[PDB]
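J.: Note that the protein sequences, when read in sequence, are chains AD, AO, AB and AC. So for the first sequence, the entry's author numbering puts the first residue at 88; every next one is plus one. So for the second sequence, the entry's author numbering puts the first residue at 53; every next one is plus one. So for the third sequence, the entry's author numbering puts the first residue at 57; every next one is plus one. So for the fourth sequence, the entry's author numbering puts the first residue at 36; every next one is plus one. Cβ atoms here follow ideal geometry from the backbone N, Cα and C, with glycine treated the same way.
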Amino acid sequence: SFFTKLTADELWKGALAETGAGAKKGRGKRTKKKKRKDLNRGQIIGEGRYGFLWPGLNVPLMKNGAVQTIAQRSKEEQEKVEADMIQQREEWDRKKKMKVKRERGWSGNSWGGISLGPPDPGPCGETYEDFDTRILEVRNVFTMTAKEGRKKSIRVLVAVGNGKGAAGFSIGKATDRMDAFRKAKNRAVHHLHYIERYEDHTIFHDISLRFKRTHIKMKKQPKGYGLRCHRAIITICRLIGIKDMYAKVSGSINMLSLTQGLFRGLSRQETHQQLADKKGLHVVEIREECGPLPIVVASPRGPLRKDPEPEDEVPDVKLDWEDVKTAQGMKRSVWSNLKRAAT
Amino acid sequence: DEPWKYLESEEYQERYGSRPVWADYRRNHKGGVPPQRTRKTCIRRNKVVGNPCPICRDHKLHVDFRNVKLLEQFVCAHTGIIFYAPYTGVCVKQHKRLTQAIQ
Amino acid sequence: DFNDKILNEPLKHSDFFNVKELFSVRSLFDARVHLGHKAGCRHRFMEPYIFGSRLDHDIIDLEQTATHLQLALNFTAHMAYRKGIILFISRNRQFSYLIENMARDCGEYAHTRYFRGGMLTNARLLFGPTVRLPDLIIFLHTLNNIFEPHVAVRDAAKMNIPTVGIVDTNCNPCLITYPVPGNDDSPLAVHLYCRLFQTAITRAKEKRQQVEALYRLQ
Amino acid sequence: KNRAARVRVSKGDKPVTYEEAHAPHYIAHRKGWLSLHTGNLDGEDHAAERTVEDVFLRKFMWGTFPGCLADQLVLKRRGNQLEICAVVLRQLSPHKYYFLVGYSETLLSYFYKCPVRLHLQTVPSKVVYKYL
RNA sequence: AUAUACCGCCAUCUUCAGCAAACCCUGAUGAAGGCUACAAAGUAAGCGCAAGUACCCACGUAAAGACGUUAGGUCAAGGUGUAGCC
Ligand SMILES: [Mg+2]
Ligand SMILES: [Mg+2]
Ligand SMILES: [Mg+2]
Ligand SMILES: [Mg+2]
Ligand SMILES: [Mg+2]
Ligand SMILES: [Mg+2]
Ligand SMILES: [Zn+2]
Ligand SMILES: [Zn+2]
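As structure tokens, this is what we get:
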């Protein structure tokens, strides 16, 4: 009955069944979810079956300086208005239900190559529009409790960078995905590593290191070489501003340790000015395109050392069997040199 | 337009900007490493297939030897070696056409 | 731009605020700053500041002492002339009264009581949205009662705040920007440091005042 | 665990009003009755009729002023007279407000054979007492 | 028909005191933790406990008693999603 009727919000609650058993324990549902709808906004207070014209709400009260009165909307006008409402609801539902196209990063259903936009503004006011974000991984860690049992909390790792040699990574943990994202983005913009680069696009020299049982070898390359590296390394290099490199990872594959070790290496790298100021000699670069020409890169800011470095033959050097293999060419592997995508 | 004025036009800039054309294109393929041989063609029987390459989807473009600032899009300005079709994201047909055009 | 010129003028001049006249090695030996804990209390990073050992006791290099002290005083006086806010820390209860009193007399501020977690990093949330953190920290006792490095040096190195601490044989001068070797525990040395800082900051303040008065005249 | 005329606590982004924020055991302790009549008192009668007409007119005017209200009604029945008191938002036009006021007044009068008056207080946005 | 879709209403540990948004820090920036007052990293919105109100008091009795566990009970108070008789 009319008295039996009641407000719509409780109807929608009971129809959705948002909470009570389906949600808890994480059992969820087999991909059926009823979307709430607002009919209150849809039709204005005027519409009815009997299309009486109301000068108070439906029609302007005065026309040509003449008062109006109640009148009848005939059958043709009534059905016209009905068709208009039908089509309007159709376009409303169409615009409601549409595709969602978030840029495919590393793969579908993967949160790797997506950017969340620049960092959030600070309280004092600091717009980081130049900074860009990327999400390295996403994993749903669980810890158990007496009353809750399995408790899901999402952890996220993110990195951010200018594109001008300044960047930084961070982590964010929370029950909500967006909240964890925001936490991690703020943490990263607060914790920033800066790294130098030789010609604005490369490291100064080849590096090889290990970090928590994760071995890495990053090799300098000239211009137009490309980025044949892990996808995470490529994202962070895009953020840094360097556009060519080679990189290989062996042993463990853990994203956080990888990022930490890579940033550690790129921060401990040596600049040519520092190396000259340390050694006391003039640096000389030689190219393959340019002939036997000494190209001075940097000189010691202090006084030059008179005697040169004594040429040391058969030096004590630790090197890699993989490097020796690649130099000898006897190595063979179908998976090494491929026609991969753009950079 | 058969001439190369579509590039100097403003619609090309606003649609691409200062970046290359191949930069925005992305391939749908199997997991991890993509196939080493691109699709054979982007159009067939006056019909276009899904996810076509950019030069094929933009019919206004014309692969011509004369458009130097276009044909230099793919070959690196620092390395005279042209890029391969899996790199540029285009089909083999227009790839070969572009190769002989640039030659 | 002339304001920046005035701010930069004292930079090129060394000992421009007359800090060398303040201290002398005689006064240091009188205040017993050369003392140190036993060799068992020795620390690797503090080794090079130790001139030697005697009777299971360590002795500090007073030349390095005076050098670092001159550098630190000149820095503090430059910051005071620049209006940079300075904050003292000394968890030692034996001198909190005196330190707060000399801080009042100087006009500069201090914190002798228990240091609270996240006081500096989360200082915005603690106090308010916009708060002017002190541009310089100093330490009259680097270590806490538990004899571990106070959290303030780490937090300051984090938020890029310079620090000037007097380091005992047990302390870690690695994180400190301008560490001054000395005797943290002796009241004579404590009073000496307090008076030196009083003189320094007061000279800097009055010099800034007279300089800005001269510029207003001109 | 009892759930009665009270709101579940959320993360803290839930604007809540006084009456639905407070519990049903704070009626006389920290609230007032929305309706005011003597049918509940001893000696009188017609309490069922009072209550049914109360709920009827509440739901009626709620559905004839959709999206404009920001609280429950307050009814004041002094002898034969009836006074409705509501709080609404300044969303729609005063034209519509006055027209609907007159319409509802006339309908209530002709239906319940009762002298009726109505008062409403405008607010820019519905007041919030807490964020639950 | 489905309380193993739900709202609405409640049993329950509770004859509990914990639950916690938003920040910071530690662990090599891991799952996670953050307790020492003669004090060593926690700061805490909010909820609840509590306080106060009801009965005869300030005690006592009632009332209240959060986050959640039992897919706890209830489609037969009423309404309602889905599946059905129509
Ligand atoms: Mg997919
Ligand atoms: Mg009960
Ligand atoms: Mg049940
Ligand atoms: Mg009870
Ligand atoms: Mg109570
Ligand atoms: Mg059950
Ligand atoms: Zn094609
Ligand atoms: Zn000591």
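(1) Any beta carbon of chain AD sitting closer than 9 Å to that of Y58 of chain AO?
(2) Report the three-state DSSP secondary structure of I95 of chain AO (helix, strand or coil).
(3) Indicate whether at least one CB of chain AD lies closer than 9 Å to the CB of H130 of chain AC.
(4) Does the beta-carbon of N37 of chain AC, which I'm using as the reference point, lie nearer than 8 Å to any heavy atom of ligand 2?
(5) Is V90 of chain AC close to chain AD? Criterion is C-beta to C-beta, closer than 9 Å.
(6) Should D241 of chain AB be listed as close to ligand 8, given that the test is whether its C-beta is under 8 Å from any heavy atom?
(7) Please give the ranges of any alpha helix (DSSP H) in the region 39 to 88 of chain AC, keeping only runs that are unbroken, at least 4 residues long and fully inside the region.
(8) Under a CB-based cut-off of 9 Å, is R67 of chain AO close to chain AD?
(9) If I follow the unbroken alpha helix (DSSP H) through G352 of chain AD, where does it start and stop?
(10) Could you check how far apart the C-beta atoms of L135 of chain AC and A121 of chain AC are, in whole angstroms? I think they sit under 8 Å.
(11) Per DSSP, what kind of secondary structure is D219 of chain AD in: helix, strand or coil?
(12) Could you give the distance in angstroms between the alpha-carbon of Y139 of chain AO and the alpha-carbon of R79 of chain AO?
(13) Could you work out which residues of chain AO lie near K124 of chain AD, taking near to mean beta carbons separated by less than 8 Å?
(14) From the DSSP output, which residues share a beta bridge with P205 of chain AB?
(15) Please state the DSSP three-state secondary structure of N227 of chain AD.
(16) For a contact meaning CB atoms closer than 8 Å, what does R427 of chain AD contact in chain AO?
(17) Could you name the residues of the same chain whose beta carbon sits closer than 8 Å to that of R318 of chain AD, not counting the 5 residues immediately before and after it, in chain order?
(18) Does at least one heavy atom of ligand 3 sit under 8 Å from the Cβ of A275 of chain AD?
(19) Please classify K272 of chain AD: is it buried, with 16 or more other beta-carbons within 10 angstroms of its beta-carbon, or exposed?
(20) Measuring straight from C-alpha to C-alpha, what distance separates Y145 of chain AC and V151 of chain AC?
(21) At the level of alpha carbons, what is the spacing between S339 of chain AD and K124 of chain AD?
(22) For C324 of chain AD and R88 of chain AB, what's the separation of their Cα atoms in angstroms?
(23) Just jot down, in chain order, the residues whose CB lies closer than 7 Å to any heavy atom of ligand 1.
(24) Assign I62 of chain AB to one of three DSSP states: helix, strand, or coil.
(25) Kindly list the residues whose CB is nearer than 7 Å to the CB of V371 of chain AD, restricted to its own chain and excluding five residues on each side of it in sequence; keep chain order.
(26) At a cut-off of 8 Å, is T93 of chain AO close to ligand 7 when judged by its beta-carbon and the heavy atoms of the ligand?
(27) Examine the Cβ distances between the region 219 to 227 of chain AD and the region 106 to 118 of chain AO and report whether three or more of them are shorter than 8 Å.
(28) Contact criterion: CB-CB distance below 9 Å. Does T151 of chain AO meet it with respect to chain AD?
(29) Between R180 of chain AB and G209 of chain AD, what straight-line distance do the alpha-carbon atoms span, to the nearest angstrom?
(30) Below 9 Å on C-beta distance, what does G74 of chain AC contact in chain AD?
(31) Let me know the secondary structure DSSP gives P395 of chain AD once reduced to three states.
(32) Within the same chain, show all residues whose beta-carbon is closer than 8 Å to that of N341 of chain AD, passing over the 5 residues directly before and after it, in chain order.
(33) Considering only heavy atoms of ligand 3, does any lie closer than 8 Å to the CB of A271 of chain AD?
(34) According to a CB-to-CB cut-off of less than 8 Å, which residues of the region 350 to 368 of chain AD neighbour chain AO?
(35) Take the Cβ of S257 of chain AD as the centre, count every other Cβ of all protein chains shown within 10 Å, and call the residue buried at 16 or more, exposed below.
(36) Measure from the alpha carbon of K57 of chain AO to the alpha carbon of each residue in AO:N98, AO:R96, AO:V100 and AO:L122, then state which is nearest.
T.: Concretely, from the data shown:
(1) no
(2) strand
(3) yes
(4) yes
(5) yes
(6) yes
(7) 53 to 56 and 62 to 65
(8) no
(9) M342 to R355
(10) Wrong, their Cβ atoms sit about 11 Å apart, outside the cutoff.
(11) strand
(12) 10 Å
(13) Within chain AO, no residue comes near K124 of chain AD; the closest Cβ sits about 34 Å away, beyond 8 Å.
(14) AB:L199
(15) strand
(16) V85, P86, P138 and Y139
(17) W193, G199 and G200
(18) no
(19) buried
(20) 10 Å
(21) 49 Å
(22) 56 Å
(23) AD:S194, AD:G195 and AD:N196
(24) helix
(25) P381, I382 and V383
(26) yes
(27) no
(28) no
(29) 11 Å
(30) By Cβ distance, chain AD contributes nothing, its closest Cβ being about 18 Å from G74 of chain AC, past 9 Å.
(31) coil
(32) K299 and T301
(33) no
(34) none
(35) buried
(36) AO:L122
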